[PDB]
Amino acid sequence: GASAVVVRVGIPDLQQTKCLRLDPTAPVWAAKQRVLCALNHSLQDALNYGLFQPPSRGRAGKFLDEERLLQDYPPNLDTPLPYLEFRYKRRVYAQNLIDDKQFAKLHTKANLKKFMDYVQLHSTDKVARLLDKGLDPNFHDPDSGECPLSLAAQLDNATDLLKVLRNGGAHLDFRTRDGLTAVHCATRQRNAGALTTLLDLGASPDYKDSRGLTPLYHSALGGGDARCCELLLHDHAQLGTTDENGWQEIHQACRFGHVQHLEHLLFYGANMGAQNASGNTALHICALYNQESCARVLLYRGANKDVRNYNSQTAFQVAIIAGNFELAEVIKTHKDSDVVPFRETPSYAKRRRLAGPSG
């Protein structure tokens, strides 16, 4: 980064120290990417590793949030070079510590499986007891691959359980074996209650998965009930996340005809004229996969139908080549008089201050 500063990052698990240039103005995820790239892939479950602020002069130890800016956590000036740690995301306990053996018992394969079964069967009060004893909720069921928080997100009216797990020291950004967070998992299940509580408990709606896809992006892939999509956008969720082929949220929504999702995305700032590797806009994908209802929404909301991709095809021409003659008639027939700009400005929650300055 242009304003980048030099930070000494020690990986205790690899017994390595790496001095790296990190962008304070960039988000923590950016900085984490630089550490992992420097590691030459030496870590197992690397995604559940995070940069850690060492305890100093009374101030407690904590993990940097991936979706916060690096400069939001000021560095200690005790060292000549600012020092951060890369560690596995285990529960942060208080200075006061429980018996060493009493832990080894609590965290046996059998005991952990029993604990996950309590969460699965929504036994909130028993879950709370084991957390009070000092069980670390940040682990994976081997067969299932799911952490307790990811399982809790699946259950209906799970707010009770989610609060208890977060109080018991479960990480909100703890990823499952496959790299999804509890926020990803809530959205996939279309569980509005679970998602709202995670956001309420300090969770960011912009948590990235293995491929860097956001929960908003997952909702556009999955379609169905559009409530979770709106809740993420209401939470100032980030827009214009793209996969390897450059598809944005509207691109995926147009392909599977998720018209409610398209409408929410458009309303909250989605760039209609954005194009993927091929140069195709949402309207191009709408023509390719014969999504007449999605196509109408784009056209209605002012989408340019003269846009030509890198094969020099308009959406009209893509439809013709695909065989969707009725859809091409809709696109050719459409006129600027038919376009309706959005009535009113979108509404956002006041859950957290926006990353970066305000004058």
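Position 1 is the first residue in the sequence shown; the rest follow in order.
For the pair 262-270 and 155-163, the mean B factor over Cα atoms is greater in 155-163. For the pair 44-52 and 328-336, the mean Cα B-factor is higher in 328-336.
Between the residues 180, 220, 201, 127, it is 127 that shows the highest Cα B-factor in the PDB record. Highest CA B-factor among the listed residues (242, 252, 71, 76): 76.
Sorting the modelled residues of the chain by their CA temperature factor places residue 289 in the middle third. When the modelled residues of the chain are ordered by their C-alpha B factor, residue 117 lands in the highest third. Residue 213: CA B factor lies in the lowest third for its chain, per the PDB record. In the deposited entry, the Cα temperature factor of residue 137 places it in the middle third of its chain's modelled residues. The deposited CA B-factor of residue 173 belongs to the middle third of values across its chain.
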